[PDB]
Each structure stands twice: as C-alpha cells, then as structure tokens.
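One structure, pasted below without further comment.
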Amino acid sequence: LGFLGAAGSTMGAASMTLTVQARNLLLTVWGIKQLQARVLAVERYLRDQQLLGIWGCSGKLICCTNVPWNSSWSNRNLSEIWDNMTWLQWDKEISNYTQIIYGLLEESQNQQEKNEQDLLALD
Amino acid sequence: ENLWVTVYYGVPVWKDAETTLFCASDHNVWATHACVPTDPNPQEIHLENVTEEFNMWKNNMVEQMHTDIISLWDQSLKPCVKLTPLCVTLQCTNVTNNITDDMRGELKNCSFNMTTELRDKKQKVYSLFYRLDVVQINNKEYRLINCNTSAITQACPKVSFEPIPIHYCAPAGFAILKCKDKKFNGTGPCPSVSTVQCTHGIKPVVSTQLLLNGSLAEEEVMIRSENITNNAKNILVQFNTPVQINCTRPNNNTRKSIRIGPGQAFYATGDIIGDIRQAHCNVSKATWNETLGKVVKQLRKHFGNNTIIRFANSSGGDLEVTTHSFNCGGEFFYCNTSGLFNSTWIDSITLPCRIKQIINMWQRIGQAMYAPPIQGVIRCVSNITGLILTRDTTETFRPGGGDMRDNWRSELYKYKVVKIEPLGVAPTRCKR
Amino acid sequence: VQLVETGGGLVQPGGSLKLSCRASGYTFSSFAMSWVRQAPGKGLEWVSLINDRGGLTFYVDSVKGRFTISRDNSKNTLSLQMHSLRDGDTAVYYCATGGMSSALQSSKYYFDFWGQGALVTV
Amino acid sequence: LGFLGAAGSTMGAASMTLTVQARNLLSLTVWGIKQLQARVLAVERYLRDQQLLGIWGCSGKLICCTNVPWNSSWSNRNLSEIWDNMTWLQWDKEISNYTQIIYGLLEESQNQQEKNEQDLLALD
Amino acid sequence: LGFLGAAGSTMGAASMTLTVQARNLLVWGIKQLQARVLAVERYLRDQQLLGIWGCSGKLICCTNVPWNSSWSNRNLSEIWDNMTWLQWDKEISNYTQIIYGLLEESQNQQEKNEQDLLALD
C-alpha cells in the first residue's frame, strides 16, 4: 500500500506521497451499518473537496495561496518546519488556528475570483 | 521571512476516532453472509519513527465486537425451533443404569405429555435431562428452569458453534494501527506501530476464567489491568506457551426427534450407550505448574519480590462465573477448576465438569437457548493462552469471569482505530 | 565543500563543447546550482541556473537557444552542453552552488560555493 | 448574514455570499433507510450540480464567465435593473423557461473550446 | 446520437459525445441504496483519478507522458480513423495500469515544479 508510510517522516520528506493517502479515502442491520460507513466516507471526502474548491484549490494536492503567514500562528522558520518537524507534530502545533486560517483562505478566494471577473470585463 | 499559507491534501495525519468496522473472513453462527472475503495477501506498512499512545481498556473495537457477536448469536437462533410447548410438568426419575458415583443424581429420565403433529391428539414421550436444567416443583414433579423466566428457543442442529476467525477491517478514510512493541502492557506510548488494512483473525471463543485458543505473548508472560492496584479490576494474563487441555464428554449419546407440530421438532437425549461417566478435562500438570511459576514472577514485578502469591478457587456466585464455561463440540462444559488454583508461591490434573443443556448466553435475563444433544462421544483439545484473575503480606488471586469483553480485549489490545485528516496547511514561500 | 570543473579547451567558432562539474562535501541534491562566466578581461556574468531536482532550467537570453544545463544527482555532477560557440563566449566558466531555492527552505538568491573554473577559448 | 440571508437582497448584493449557501449543500431499520435516503439524495444532487459545472468548464469556481452571448429574447433588461433592483428569486422566475436552452449552449461552447485547446497544444 | 450511440463509431468519430455519457454516470429497498451508493463511489474514484493526474474538470486532458511504441505501434490514422474505443480498450488493456502510474508521477513532478516557480521573487 504505502499508506501512511511517511507519517513518521519530516514535513519536507513527506508531502510527496499525497496521492498514496488520497487514494485511500475513496441481515438488514449489517447492510445499514455498511451503508452508513460508506455514505459517511463519501460525505467527508466531498466536504474536503468542497472546502478546497471554495479556496480556489480544486483539483490540486499542493495549492499555493495569497494569504500571508502570521507569526502568531507558528513562530518558526522553514528549516524547522520542513526539515525537522513531522506532520503530526505540526497538526498539533497549529490546531487552535486552523479555523482562522480557513476563514482567511475563503476570503482571499472570494476577492480573487471577483477581481478576475472584473478583469475579464475590460474591452 | 515572507511566508504564505500553502494548503496540502493527502497529509499523513490522523486523530482518534470511533467508527463502524466491517468484518472479513475466509451453517455457522458467526461465519455469516454479511461478512466479505479477506484479502489473500494482507498488507502491513510499518511506520518508522512513529510512537502512538494505546489504551486497550477504552478501545471501541472491543465494544463493537461484543455487540456484533451478540447480534450474530441472536440472528442465528431467530429462525430455529421454539420449545415453548416443551414447558410442561415433568415426571422424572433418577437414571440408575450403569451409573458411577460421580454421576449419581446428575442425570434424570423425565416423561411428559406433549403435543404432536396434530393439535388435538397428544403423545407421551420421554427425554433425559441434566440436573442443572430441571428444577423440582411441589419428588417426581419437575419443570424446566426456564419456565418462570423466559421462552426457550432450540438451537438449529445444523448450525455449528465452532469459532471461525473474524477479521475487522476499516472503512475508507479510517485506519487500524497495530502495536508491534513487544511487552506492551496495554496502556501508554507504543513505538514500532504499523498500519494494517485489517486485524488478524480473531476466533470468537466464548469462555470464562481460562482463555482458550488465543494469541501467545512473544517473549514474556503479560500481566495487564486497567489499574493494577485496584482490586475491583480484572487482570488479564497472557501466556508465552499454550497449556494443552483435553476435555471430554465420554458418554456415547443418541438422539430422538420428537415432533412438536408441523415442521417443528424437539431433539431429546435418548438412552446412553455403555457406561455413564462424567465430563472432565485433563490439564498437563508440569506445564501448568511452570506456567503458574512464570505468572507469579511477573506478578511479583508489580506486587513485590518478597510478596507471597497464593492461587485459590473462585468465590461463590452463578455457575457461569464460578466454573470454567466453554463450548466443546456443541456441549457446554462447566469445569470446577479448583484443582488448578490451590497453591502458595514464595501425571495431569483432572478437572470434573458438568454439562448443561439450557444456556442463558451473554449475561442477560431470558432469551434462553436449548442446546440439542450431540450423538457419540465428544473430545476437544484446546490451547489455554491466558487467564482472567481477580485480586482478593500475602496477595490472593482467584479465577474471574463474565462480561465477555475481557476475552476480546485479550486479542484486540494491540489495535487502535484512527481517522485520517488529509487536509493541512503550512508556511512556504510560494505566493499564488 | 569542493566543486571541480572539467572539460574546456579551444574550439573553433560554430563548434560544440561540454563542460562538467564534480561536487563533494555537501548533499548535492539539496542545493540549486548554476554556471557563471567571467570574460578574460572583465567581470562576472550569470549564464544558467538549474534547480535542485533538475526539472527547471533558466538561461540568460544571450545563450537561451544555444546552451543546455543538466544535472545528475546520482553522480553528484553538473554538465553544460554549449552549442554554436561564438567569439563572445570566451570566458572562465565557474560552477557555483546557490542561486535559486526549493520553495520549502529559506531562499538564497546568492551563490554559496564556487569552483576553480574551466577556461573556454573560442 | 447567514444561510439564505441574502435571499431578499438584490442580485448585486448577493453573489458575495455564495460560499455561505454552498457549504450547506453537503451538511429501527426503517429509520436507517429514511436517513440514508436523505443523505444519498443530498450527495447525488450535489454531484449533478458539480458535473454541470465541470462540463461547462467552471470546475472549482463559484463565479465563472463563459463565451455564450446573452440573447435579448431571454430577458430584455440592462445590468442596472438585473443587478441593482432584482433579487435572485425574481430572476429565477423570469428566465425559468430558458434554463435548459442556456445550459445546452454552455455545454456546446465548452465542447468547442476544449477541442480548440487540444488543437493548439498540438502545434510544434 | 444518444447514450452509447457512438460506441460503434471510430475513435475520432466519437470523442464528441463525452458529455452525453458523462451525464449518465449519475427491507428490500436497501438494494436500491446499495445500487445508488456504488454509482457514487465509482464516479468519485474516476474523478479522484483525474484529479491526481491534473485532469480535473476536463473531458479531454493532454499530458506530458510520452507514448511508448511498445504499448501500440500504430500510425494514429489507424487509431483515430478506423478503430473504435472498444477495440482500443482491448488492445491496450495490459498497459492501462502502467500508463496510469506514469501519469500520476508526471503530475507530482509538475506540481512540485509549479511550486518552485511560485516563490521566485
């Protein structure tokens, strides 16, 4: 499989196996239990894809944005984050700022998308 | 530095989760059609430089299996013959033919008036019953123990009670983590964790006091408890080597089919062929003594190098918890075990066993099941792979039992279910 | 750290010359690298830049259609394939480490290490 | 404003809350089936909308511009009235009869554009 | 032509009905839920696969993976003007997973390369 093989790797050693994890997301009571598990997996997948969509990251695994990084979220340089830290440690480190970052991403896409509409209205 | 938020999808990050697991497997109570085939080449990916905290006492996989096993049990019994018409006054006498003293008073010959194919005509039939299944009313008048608490369903004679390995497999978006840290004590950090598609096959072996046909410890005997200093908690002991136990029901039985009504029949125990002996189990004495010595040393590691450790038989209570209960060839044995826990630490052992046909499976009131007799002579050879002990200058340990969740904890202690959180963000120097 | 250039020599106008650079003392695959020219009597001129992985190459316009920059991370080497040489290409060609970045590490935009240089005469 | 808060606002006041409504489209055996039917229906409706955006060349966007000209036969109004006076409910009513016509044209223009793109990355 | 109407048409005679067929990918009653759930998962795997190849949102997607002559040594006219998609699917079935693997690797390199071109400044 290779699934989660990079879990113990550093952030810059990992994030090259993104398709490995991405492809692993996809008697009446037994049928119901199985359908609930399958429907839930589908709903979670679609919510994550919708979230990437509204940020302007649809169809990508590594998506660049226009949101500046705040030093209050993590006061670390790139060498520590990408060469020493793992993704599990990073997830713990910035858990409390996740929704703030997500909100900013949504707002920047809303401005960018509208700006494109105005640029395409010239001529 | 000028850093920007970069969004990643497919990040190898997970969080603790509780979900519904499915069942994989290779006419049977548990090998049901709902379960799907296993992967002929199971995958396991070792996670290097990963330490994950495990807690076998809060593992939702144990509760799910407990519920699923009970559900499969009831679904298996649902279509079988109901024996409500059997709850009639019995006229019982003792069986005195070729009876050894060990069996004197244990087996009764009961005659009764029961219905037949037609509702108007009745028939006079007889059946042999074990003392444990029949309660005296009002010398010769008896009733079944289930008459004042619940209707009883006869188990289907064609459906095996043999445990079949069941593998639990995660749905997509979730993962099962395996603790490969030898000598893991059931709680806390576990280095050397691997990700698997599913667990190994776990046989739903039902037993009390002694754990049969389970997994063995890789190097040392393991002593595990939620709180080792709390005498209200059970201690699970995992053996390094199995102790072989040879259990038998030596009497050669036959079976009489007595029709109750259209398409329905009750299976009565017929006359016994040959001599009547009791049931028993032979536990190798030298192996057992060595096994206890190992258990005592491991207990001393928690209770003190100079603490006296004594084994004693269980305290009183229901037969299902005071004896070693198990299903051997379709018969339910209730073995004394007192000969195994009778020593203080500082040829074979023969354990007498009783057979009961009316089984209240799972610690429930009602939903009784009647086990039909099995023809011939029953012999089982099993591996004892662990113990459930309770703690009473000197510490005393006694066989414990019940709950059933502990038997499944003894196998699922190394597995954890997590959910995958594929999204994450991190600073980079890349601007859109 | 060491960077040792090879190749070089005198090639007549219109010919082709291959330069190479052997690196040691650092992880080769972790740094972007470049080739820089120094005219025999003037200053330094940047010619080409290659990323750490080798997938991205950049050239100065004066050589954009004539030079190819290549990297082989299994041998710790750089190479430069120089076609259609003209009199204006006479120079010392230095192998240098630095110049670009890999996005997930601090930027450089400077040259950290230099070799001794190959002399190319047209 | 929250979910549908802009429903009574003008078309140009709305079309800035699209993520608010967009995020609300995804989120005893008889009760099991009833809940599953509700969840499966929500998923299928979402996917059909996304498939339409895909085949029109609008995947991943909430606002996308196209190459289909507006026909005066569908709505003979200028932008000042449509965007500053009208609401989206009134607009939906006004062009309901032409919805499938517009959809067909959008599909057709993407089919031409996609092929046109294929024939340009082929040069050289 | 409607759904599968172009099935017998040549590869270059089809490749114009892709939207028509794309539209058709989307108690006892549990059977219907199973049938509906399966369709959704199958649809999503294909969309996910297109996503990882960088082909999301498109019906025709050009890539940077060279065609290996060992997979099918034909002259393009043979493929697009004479052959149908069913015959083609049979001809290269053995190499489908190889092609898919290459496509995934190609996108990963391009995605990293794109990132490396978006912090130059």
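Letters A, B, C, D and E mark the chains in the order given here, with residues in each chain numbered from 1 onward.
Note that in this section contacts are C-beta pairs under 8 Å (C-beta built on N, C-alpha and C of every residue); 3 or more make two chains touch, one makes a residue touch a chain.
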{"item": "Per Cα centroids, the chain farthest from subunit A", "value": "B"}
{"item": "Interface with the most contact pairs, given as the two chains involved", "value": "A-B"}
{"item": "Innermost chain, where centres are averages of C-alpha coordinates", "value": "A"}
{"item": "Rounded Å distance between subunit A and subunit B, as computed from the means of their C-alpha atoms", "value": "44"}
{"item": "Whole-Å separation of chain centres (CA-atom averages), subunit C against subunit D", "value": "52"}
{"item": "Distance between chain centroids, defined by C-alpha means - subunit B, subunit D (Å)", "value": "58"}
{"item": "Between subunit A and subunit E, centroid-to-centroid distance (C-alpha), Å", "value": "25"}
{"item": "Multi-chain contact residues (two or more partners), subunit A", "value": "11, 18-19, 22, 26, 28-29, 31-32, 35-36, 38-39, 42, 45-46, 56-62, 64, 77-78, 82"}
{"item": "Subunit B, residues touching no fewer than two other chains", "value": "1, 6, 428-432"}
{"item": "Residue list for subunit C, restricted to those that touch at least two other chains", "value": "101, 103-104, 106-107"}
{"item": "All touching chain pairs, where touch follows the definition stated at the start", "value": "A-B, A-C, A-D, A-E, B-C, B-E, C-E, D-E"}
{"item": "Residues of subunit C touching subunit B in the complex", "value": "101, 103-104, 106-107"}
{"item": "Subunit B to subunit C touching residues, read off their complex", "value": "1, 428-430"}
{"item": "Contact footprint of subunit A on subunit E as seen in their complex", "value": "27, 30, 33-34, 37, 40-41, 44-45, 48, 51-52, 54, 56-57, 104, 108, 111-112, 114-115, 118"}
{"item": "Residue ranges of subunit A in contact with subunit E within the complex", "value": "16, 18-19, 22-23, 26, 28, 31-32, 35, 38-39, 42, 45-46, 58-62, 64"}
{"item": "Residue numbers on subunit A that touch subunit B, as the complex places them", "value": "1-9, 11, 14-15, 17-22, 24-27, 29-31, 33-34, 36-38, 40-41, 44-45, 48, 51-52, 55-57, 60-69, 74, 77-78, 81-82, 86-88, 90-91, 94, 98, 101, 104-105, 112"}
